[PDB]
Every structure is written in C-alpha cells, then in structure tokens.
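Trainee: here we go, the starting part of the complex in its complex frame:
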Amino acid sequence: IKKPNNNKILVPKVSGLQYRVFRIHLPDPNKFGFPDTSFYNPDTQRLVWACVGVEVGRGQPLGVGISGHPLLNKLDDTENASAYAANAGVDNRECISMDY
C-alpha cells in the first residue's frame, strides 16, 4: 500500500508465499568473554562459531490463503465444455482466485 501522490510505503507486502531469508549476525568470538579466555593465543589462532542445532518457531494457526486477479486472462473452462463457445471479443478477462 502506498498513497498515490507520495511514494512512501504505508503497509508492506507480507504474504505466506514469500521467501523469508534471515541474515543472522553472530558476535565476534575473538572479542568475547568466556568462562576462560586464554584458551587460544590471539597471535596464532582465531575463533569461529559452528551451528550445532537450529529450530524455526512458527506462531500463527495453520491455514490456506487464496489469491487471484480481478482481470485474469481466461477464455473458457476447457475441463468439461458442453458445446463450442462464442468467439473472443475484446477484453474477455475475468475475476478468478486460486489457492496456490
């Protein structure tokens, strides 16, 4: 959503069908306070983290959401057609939604 005369986003776009790429930032282990620190010489060694386990929590209830176009380019339903239709005029578009 954005107000037409401006170009500032009032409501962003948050759908269930987007990639959620999180970019975690970990503390620099070479500047850390452990139970003991002189376990590694800063002049010939360096520290780094390793991912040992992970859990992605999810909060909202399960559910399927549907989307569609108010003007979707469909001519006719070809699944089961009783007879031959008419000929395509101008702007045969339709309002059609679908679960992904």
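Mentor: Thanks, I have it. Numbers count the residues shown, from 1 in each chain, chains lettered A, B, ... in the order given.
Trainee: and the residue nearest the centre of chain A?
Mentor: residue A:18 (1.7 Å; C-alpha atoms, centre = their mean).
Trainee: in what helix or strand does it lie?
Mentor: In this structure, residue A:18 sits in neither a helix nor a strand according to DSSP states H and E.
Trainee: now do residue A:97
Mentor: Secondary structure from DSSP H and E places residue A:97 in strand A:94-99.
Trainee: next one: that strand to chain centre, how far?
Mentor: 21 Å (C-alpha atoms, centre = their mean, to the nearest Å).
Trainee: tell me, how many residues neighbour residue A:40?
Mentor: Neighbourhood size, residue A:40 [other C-beta atoms under 10 Å]: 13. All C-beta spots, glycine's among them, are computed from the backbone N, C-alpha and C.
Trainee: wait, what's in contact with it?
Mentor: A:46-47 (C-beta atoms under 8 Å, 6 or more residues apart in numbering).
Trainee: for the nearest residue to residue A:72 once chain neighbours are set aside, which residues make a bridge with it?
Mentor: Excluding the flanking residues, the one nearest residue A:72 by C-beta to C-beta, 6 or more residues apart in numbering is residue A:96, at 4.3 Å. With DSSP bridges as the criterion, residue A:96 is bridged to residue A:69.
Trainee: list the contacts of residue A:96.
Mentor: Contacts for residue A:96 were tallied using C-beta under 8 Å, 6+ apart; they are A:68-69, A:72, A:74.
Trainee: one more: residue A:15?
Mentor: By C-beta under 8 Å, 6+ apart, residue A:15 lies in contact with A:65, A:67.
Trainee: which strand or helix spans it?
Mentor: Counting by DSSP H and E, residue A:15 is held by no secondary-structure element, helix or strand.
Trainee: re earlier: how close does the residue nearest to residue A:72 get to residue A:85?
Mentor: Noted for residue A:96: a distance of 16 Å to residue A:85, by C-beta to C-beta, to the nearest Å.
Trainee: quick check, residue A:30 in a helix?
Mentor: Yes - when DSSP: H, G, I helix; E, B strand; the rest coil is applied, residue A:30 is found to be in a helix.
Trainee: now the residue lying closest to it once chain neighbours are set aside: how far from residue A:21?
Mentor: Closest residue to residue A:30 apart from its sequence neighbours, by C-beta to C-beta, 6+ apart: residue A:47 at 5.4 Å. Taking C-beta to C-beta as the measure, residue A:47 and residue A:21 are separated by 26 Å.
Trainee: let's put chain B on the structure above:
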Amino acid sequence: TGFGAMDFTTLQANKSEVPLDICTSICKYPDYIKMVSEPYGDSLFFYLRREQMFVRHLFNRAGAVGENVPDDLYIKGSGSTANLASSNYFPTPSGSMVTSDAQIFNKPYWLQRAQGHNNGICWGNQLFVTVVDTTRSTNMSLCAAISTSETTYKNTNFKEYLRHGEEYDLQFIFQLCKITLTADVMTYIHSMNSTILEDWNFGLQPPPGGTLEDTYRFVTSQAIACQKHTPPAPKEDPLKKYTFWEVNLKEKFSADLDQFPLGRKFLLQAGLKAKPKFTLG
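Mentor: Same chains as before, plus chain B:
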C-alpha cells in the same frame, strides 16, 4: 506457486495471466543442483523441503494465437468449429490439505554432519536461514464501518481490507571452534575466501600511514564542510545490494543452556544434564 519459476514482469506483457500475488514479481525456485555442487558447500549445508500440488481447474487463454496448430495435427472443421479455440491451456494450481503431521517447523534440527565440506561453520560471523511456509498463509479479512449510526446494511457503508501476519522465532545452538592459522591453513583460507582473513588479521601492519579519523561534534550544522556519507569506509558488505530480514544476535548469546527450550532440548539429546545444586531431590 504452480505457474513456473519464471519472470512474470518481462515474460508476460499481458499483466493478466497470473494472480496479483505474482503478477509483476519473479518466482524463484532454490537451485539445489548448483548450491550442492558448490566446491566449499558454504551456500547451503542443511535443507528440508515439502511441496505438493494438484490441478484443480483447467482453463484457456484469450489473445492472438502466437503459434498456429499445424494442419497435420487435426482435421479441418466447418461451421462454428471452422475457427479453432485457443489451445493455450493453463491449470489452476491447488495445494491440498495442510496438516499438523507434515510440518517441517517447530522441531529441533541437530546438524551432526553437513552435506558438503563446510560442516556447519558460520564464516564471517554470519548465518542465513531461508524459510518458506505456505501452510500458515491465512489472510485475515477485516472491515471498517464509515457510519456507526446506520441500522440497515449497505454495501457502500463498509470498507473492506485484507491483512496477513507472520510470527517467527529462531533458536540456535552454536559451538565455539578454534582455528590455528599456520602457513598452509592461512593460504587455504585465503584461497577459499579472502574476506575471512581480511576481517580478522594476519598480514596487516595496518597501514604504514595513520588511520585516525577526526569526528566532528554537532555534525548536522552548516558551520563545517561536508561531513555526510560522501567518502566510503570499511562499511562494504558485499551483500548490501540485497535485502534480507536482519537479525542481530550479538547481545542474545547465553551459556546457560538449560534456561531455553532449545537449550534444554539439546542437553536432553546429549545427556549432559546440568548439575543439581539444591541438596537432595
């Protein structure tokens, strides 16, 4: 979404073939064949996926036929069927029942051995968690009344809206690892990624010249020169042209593992219970 992994903005000037969800977007599919065949295995070292779909409805497309049906594929009709209906079919996708059993999330994942050569090492103090979840995409439809006085329903009185809310919570268990940088390991790391060593140390008599930057006070005013972002600094993230959901865990590390659900799950998995201090139980 069931319409292909294509660029709908440039490949479909119609702007009406696919829903508003991906009418002008790019639908991207993860390149597992390329992310796995990478030499160092940095881009991915653990992945899960579920994806199901069936064809709900079968439709047609309107528009000028781009490529005609070859005349040796059908026998020419006459009458209503003298002009061919459009053979540009497209299926309406449908992801079927969602279930609590087939869920990938809300479960702990112990990275015992990675897929490639990078066995879970978060180089550069960085981690990327990509998540798609089309099983919680309920769009909450909510309306507002412009006139609270009316006691007869009128469509022109209520303004309809659509909303969607996501909720995430990421928990990790990290392990401190130490790397002894000898000549061999240093040259191997410099071959793998030079930014790694350029970010720690090991070769920099830093400049031969001074690196003292003199910062101004009240740097918004118009009494000084031009102190605003004009020359760059070691601000150069190579991933700055990309927009990720940033998560800063620099202040959220904690060695008291049994105080958090994933921490005590990790303990219970490794045995490794905390030492009981309170006398006798």
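Trainee: once more for the contacts of residue A:15, now including chain B?
Mentor: Neighbour list for residue A:15: A:65, A:67, B:21, B:137, B:139, B:164 [criterion: C-beta atoms under 8 Å, 6 or more residues apart in numbering or on different chains].
Trainee: taking chain A, what residue is nearest to chain B?
Mentor: Closest approach between chain A and chain B, counting by C-beta to the nearest C-beta: residue A:16, at 2.4 Å.
Trainee: and the residue nearest to that residue when sequence neighbours are not counted, its phi and psi?
Mentor: Excluding the flanking residues, the one nearest residue A:16 by C-beta to C-beta, 6 or more residues apart in numbering or on different chains is residue B:137, at 2.4 Å. Here is the backbone geometry of residue B:137 (degrees, to the nearest 10): phi -100, psi 30.
Trainee: contact partners for residue A:46?
Mentor: Neighbours of residue A:46 in contact, by C-beta under 8 Å, 6+ apart: A:30, A:40, B:178-179, B:181, B:200-201.
Trainee: do that again at 7 Å, thanks
Mentor: A:30, B:179, B:181, B:200 (C-beta atoms under 7 Å, 6 or more residues apart in numbering or on different chains).
Trainee: got it, and residue A:73?
Mentor: Residues in contact with residue A:73, defined by C-beta under 7 Å, 6+ apart, are A:93, B:14, B:16-17, B:61-63.
Trainee: put the alpha carbons of stretch A:89-100 into PDB.
Mentor: Extracted as PDB, the C-alpha positions of stretch A:89-100 are listed here (Å, rounded to 0.1, in the frame of the first residue of the first chain):
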ATOM      1  CA  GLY A  89     -14.300 -10.400 -28.400                       C
ATOM      2  CA  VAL A  90     -12.300  -7.600 -26.800                       C
ATOM      3  CA  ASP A  91     -11.200  -7.900 -23.100                       C
ATOM      4  CA  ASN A  92     -12.600 -11.400 -22.200                       C
ATOM      5  CA  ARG A  93     -10.900 -11.200 -18.800                       C
ATOM      6  CA  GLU A  94     -12.500 -12.500 -15.600                       C
ATOM      7  CA  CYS A  95     -12.200 -12.300 -11.800                       C
ATOM      8  CA  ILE A  96     -10.600 -15.600 -10.700                       C
ATOM      9  CA  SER A  97      -9.000 -16.700  -7.500                       C
ATOM     10  CA  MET A  98      -6.900 -19.800  -6.600                       C
ATOM     11  CA  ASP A  99      -5.200 -21.400  -3.700                       C
ATOM     12  CA  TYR A 100      -1.500 -21.900  -4.600                       C
END
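Trainee: that stretch: how far from the chain's middle?
Mentor: Put simply, stretch A:89-100 sits 25 Å off its chain's centre (C-alpha atoms, centre = their mean).
Trainee: drop chain C onto that structure:
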Amino acid sequence: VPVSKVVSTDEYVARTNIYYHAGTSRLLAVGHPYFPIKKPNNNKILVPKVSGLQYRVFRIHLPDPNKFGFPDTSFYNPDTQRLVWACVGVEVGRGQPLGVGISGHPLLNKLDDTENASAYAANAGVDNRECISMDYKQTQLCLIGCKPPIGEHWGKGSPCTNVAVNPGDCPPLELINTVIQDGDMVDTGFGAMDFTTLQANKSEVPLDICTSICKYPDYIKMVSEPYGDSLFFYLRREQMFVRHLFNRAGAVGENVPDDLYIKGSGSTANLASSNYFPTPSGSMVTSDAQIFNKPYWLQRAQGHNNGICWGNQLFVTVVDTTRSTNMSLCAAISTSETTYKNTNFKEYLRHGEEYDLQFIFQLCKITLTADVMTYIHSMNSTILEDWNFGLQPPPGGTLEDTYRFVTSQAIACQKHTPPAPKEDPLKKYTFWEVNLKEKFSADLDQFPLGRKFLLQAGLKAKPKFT
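Mentor: One more piece, chain C, placed on the ones above:
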C-alpha cells in the same frame, strides 16, 4: 544473593512411591451450537452455547496432601517438610460418536464464487449478502499444566499520534495474549482475530464466531516462560483445505495499484472485488487419528516443572472438533394434522458434549530448607502462603475495649466487621471447575487408568486368592 537460573523440580522435590487415582464421574453439557438462548426481557441464559469448537479448560481441584491423615506419617516431617501432588498419568475420555458439524450465517458477506466465473460479474447493488454455511478446520489439542493456558489473537490497536484517522480506515493489528477460558472459540480457518472489533460488518464469518474471539494456543510463549508451568505436556492435530473460493462485497478500502493490471473497457472497466476469502473445511475425521481416549504418562515434562501441581491445581485444556455433530430437533405445534406444513413444525439445534477425566497422582515431599524456601518464594509466593510456614506473626496484642452494649445511644457507633473474604486471583476467569477433593483413591487396581498404569509400570496387584 539467593539464586539465579531456574532449576528442575527434580532437585528440591523428592518423589515417593505412593500413587493415587482420581477421576470425574462423567461430564455432560447440552446447549446450542451457535449462540446462547436467553429470554427477551431478562438476560438469564436458558440454553447456553455448547459448540464443538470451544476450548474446554477444566480447572481440577486436588485435596491438600498436607491434611491427608496417613497411617504412619513417619516418612515426612511436617515441621520441615511439605507435600505436593505430581501428575503422572492422565486420560481425557470422550463419549460421543465421531462427526462433523457445520456452521453458517444467514447473511454472509459473499459477493460471488470466483473459483470459476462463466462471465464477468454484473452490477453490484446493496445487500448482496447470502446464506452460506461451512464446516470448519479440524482441530484436537490437550494442554496440561498447573497454570491456565495462554492464547494469542490479533486485535485492534490504537494508531499513532501521526496519522489522521478517517471513518472507515483499516484498524491496526496487534498480537494480544490472553488466558484461554472455558467457552473461548478455537481458530476455525479464518485466523486468530477479534471478530467483534476487527470486522464491524458483523457478516463476514459464520454465526458462532461473528462476535467471538477465536484464539490460538501460544506455544512459543508457553514453552519459553521460565518455570514451565502453563504447560508441561501437549498434543495437537489440525487439518484444513480450501473448499470454495469466494469474493467480498463492500467499498474497496485499498485499490489495486494501477501498475499491476491493464485498464479494462466497458464490461471490465469497474474492477471486481479483489478481497477474497476461502471457506475452510476439515476433511475426513477418522478414529485412527484420535488424540483422546488414550492414557498419557508424563515422565519427562517439557519445562523445569516436571508435572508438579503447585497450589493443588491442574488445568486440562481440550479442543475436539471431531465430535461436533449438532443434532437437529423438531417439535410439532399441533399433533392432529394429517398433512405436512412448514408452519407446523419448530426446528431446533442442540449439541451435546461428554467428557471423562482420570489422573494418576504421585505424592512428593518438599523439604523446605532456607534456600529451597527462598527459591520457592521467588517462584511463587502463594505457595509458601498456602502451606503454613512463612509469615511469622509480626505484631503484638492490642486492646479493643469491647463496649458492652453496642447498640445503645450513649456511646459512639461500633460497626467495624469490615472484610469479605478476598482469596481468588483467578476469579475473573471462567473455567469448567472440576472438584477432585472427595475422589482420590489408593486402589489403582480398581480403576481403568489405574490398572493401565499398574500394567505399564509392571507392579501387578497383590494376590488375594490362593
């Protein structure tokens, strides 16, 4: 000074080998599935609202194990020790047959069926509302803990002091946490939102949730609370698919950006409504996917509270959308006629629920030393107040002067006698309070869950016949 780092109950709570069985007789509840019936003049409830999609939050009351008269109490010292109940087993029995009930609205805000349109929809008028019904999302859950559960839903918040709110603007959302109560509606496929505030239409969702607040259990917050009291066990199953795809009717509150589509001409000049909503459907219910009617042995709880029922309490939250069959009754206004007339019969709806709970409690002794006392007092103070030990008697005595003739007019007014009892902190909430104080029994062999527990533990009964 005292301590940090919440510790497991397995460190200060010492278990015994004394097990007790407690169980409710049979819990029935009849009512109306959609709304509660009430008299026109009064507001006394004649027939309550008993739906298959409500939360059943049972508040169990256990007898104080410190006032149990044991034959040889030499196994604990009431001078330095106190007792508590640990929940070792549980079974949530369900009675009615498997079935799916449907709800609907006589005036639901639905424009048309946008699944497959034969032609572009004609003009929109006034009051395009239809009568649409739907079976909801399927759900089962069972949460057990010593504190009431915590729910989540989206609600209306107050906007900032930055934007001018015009009449008809979209209400801002906010994730609100609440205590799930007995009679709160579970989420049904339309989300966990506050339908009373977020939809002034009053016609967007069916009748039983059009004014209610559909809540979802907040597992992210319940498992992450420090002491782990709200839940130390939970199961859940839920399935849903989109049955029908519909459209909304009303003034479009947010227009489609003009760079998403190509402007129409004639029939397709006015944009059809782009507010869509699917009707949920929980598909086939099966006896193979049943959570209930099974014994649950709580060996290792999820949190640090390993099943200790502090304060002699226990909350069992249950949702079962698998036995939501609404029975359709009917009464004849006159029993004489020999021909059917729609005006001759009064149609009704009724829903009946049936529960039966059983638990196996283990007695545990807490030896209250100084640091144990300080830890328990920091964790919960009403514990060390319920158990006579703390609050040593600060003041001394004081004369009250006890005027002899209190109702005479030669002295002042002696009135005081002020206080009414002020105990219940959970008085504001409504639960299905189950009283198991006169229901404890040490003869586990004589009860179904008791003998299931014996069989699972080994421990056959002592033989009586040669």
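Trainee: check the contacts of residue A:46 one more time with chain C there.
Mentor: By C-beta under 7 Å, 6+ apart, the residues touching residue A:46 are A:30, B:179, B:181, B:200.
Trainee: hmm, who's touching stretch A:16-28?
Mentor: Stretch A:16-28 is contacted from outside by A:49, A:65, A:100, B:1, B:21, B:122, B:125-134, B:136-137, B:164, B:170, B:174, B:244-250, B:253, using C-beta under 7 Å, 6+ apart.
Trainee: what about stretch A:65-85, near chain C?
Mentor: Yes - between stretch A:65-85 and chain C, judged by C-beta under 7 Å from any C-beta of the partner chain, the touching residues are A:66-68, A:70-71, A:77.
Trainee: of those residues, which pair is most distant in space?
Mentor: A:67 and A:77 (19.6 Å; C-beta to C-beta).
Trainee: the two: who's more crowded?
Mentor: residue A:67 (24 against 15; other C-beta atoms under 10 Å in any protein chain shown).
Trainee: verify the contact between the more buried one and residue A:97 for me.
Mentor: Yes - Residue A:67 is in contact with residue A:97 according to C-beta atoms under 7 Å; the separation is 6.4 Å.
Trainee: which residue does chain A have closest to chain C?
Mentor: residue A:95 (3.8 Å).
Trainee: and that residue, how many neighbours?
Mentor: Other residues within reach of residue A:95, judged by other C-beta under 10 Å, total 23.
Trainee: for it, what are its contacts?
Mentor: Applying C-beta under 7 Å, 6+ apart, the residues near residue A:95 are A:68, A:70, A:72, C:114, C:117, C:120-121, C:272.
Trainee: at 6 Å instead, please
Mentor: A:70, C:114, C:117, C:272 (C-beta atoms under 6 Å, 6 or more residues apart in numbering or on different chains).
Trainee: same question for residue A:51.
Mentor: Under the criterion of C-beta under 6 Å, 6+ apart, the contact list for residue A:51 reads B:111, B:120, B:122.
Trainee: what residues sit buried inside stretch A:48-59?
Mentor: Along stretch A:48-59, these residues count as buried under the neighbour rule (16 or more other C-beta atoms under 10 Å in any protein chain shown): A:48-51, A:53-59.
Trainee: for stretch A:27-41, same thing?
Mentor: For stretch A:27-41, burial by neighbour count (16+ other C-beta under 10 Å) applies to A:27, A:29, A:40.
Trainee: stretch A:65-84 too?
Mentor: The neighbour-count check on stretch A:65-84 (16+ other C-beta under 10 Å) flags A:65-76, A:78 as buried.
Trainee: do the same with stretch A:3-14
Mentor: Buried residues in stretch A:3-14, counting neighbours by 16+ other C-beta under 10 Å, are absent.
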